[PDB]
């Protein structure tokens, strides 16, 4: 039996109007208020375009959704509404649908994002600390509002580098946290899935996002994208085990009484823990200080209960300069 160490009762104390997302009645806007300017992306969930509001001439992002169940879309909409105005939380501007096809589109604020594959390599030590701190504000906020993002990855972190503006987007996989609830482990992107998802521990919590953040962070400071490069869910756990070591995995499994599938146990084998500095090289030297390693080490723990919470992470000395500058 596992439960979050912080914000566990947020949804217990709030009324049904907050977490009963299926009760939501979607208020449709007008499709004609928005026009496509250029396609900027695509995914299994939607096609994304840079758009413009013909009324105010303001830029926006239009995501034309592929077939989705009523329950799922209501969940994304309710969460976006509940988190409105929070630090670095993307703003949902409107929700529209095509009459004949009933194809819905979500309208979001526009962020002039630069491909992370091109942006990250140019980030300085300070830039990394700054952007990760900004992302942490968003995570502590949603966690404080009883919501788990469950899909933290570079693709869901829009950054306008010129303006130094960051937004955590795509809340379609997010969920409300309820103590003891068993969630679907089929969330997050493989390279960012926490050990809990990989060993089928269903009663996970906000801490899942912290493992994903840790993966992003490790990728940035070590200049290795992605950090844990597995080809399937089983191999993903193997990649993690070859770094953190099987001793910690065994302890983790014993604590929560989890039994790995025979095939998985075989693939994992036995591995010694590898010091974080073994990933240091001439290319990532100006970015792997002791503070960075200490911070990373406290994020990437098998036991989700051991990981730093977003609030704790924000106070780690690694971010002391960012905090000082802000104050």
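Positions refer to the first chain, counted from 1.
*Asks:* Using the B-factors recorded in the PDB entry, average over the C-alpha atoms of 20-28 and of 6-14, then report which stretch comes out higher.
*Replies:* So the stretch with the higher mean C-alpha B-factor is 20-28.
*Asks:* Check the entry's C-alpha temperature factors for 41-49 and 296-304, then say which stretch has the higher mean.
*Replies:* Result: 41-49.
*Asks:* Can you tell me which of 150, 155, 223, 137 has the maximum CA B-factor listed in the PDB entry?
*Replies:* By C-alpha B-factor in the record, 223 ranks first.
*Asks:* Could you tell me which one of 145, 113, 99, 184 shows the highest CA temperature factor in the PDB record?
*Replies:* The record points to 99.
*Asks:* By the recorded C-alpha temperature factor, relative to the other modelled residues in its chain, which third is residue 250 in?
*Replies:* Its C-alpha B-factor, which the entry lists for residue 250, ranks in the highest third among residues of this chain.
*Asks:* Sorting the chain's modelled residues by C-alpha B-factor, tell me whether residue 127 ends up in the lowest, middle or highest third.
*Replies:* For residue 127, whose C-alpha B-factor we compare with every modelled residue in the chain, the answer is the middle third.
*Asks:* Thinking about Cα B factors across the chain, which third does residue 95 belong to?
*Replies:* For residue 95, the deposited C-alpha B-factor lands in the highest third.
*Asks:* Going by the entry, which third of its chain does the Cα temperature factor of residue 190 land in?
*Replies:* It falls in the middle third of the chain.
*Asks:* Select lowest, middle or highest to describe the third in which the CA B-factor of residue 167 falls within its chain in this entry.
*Replies:* Ranked within chain, residue 167 CA B lands in the lowest tercile.
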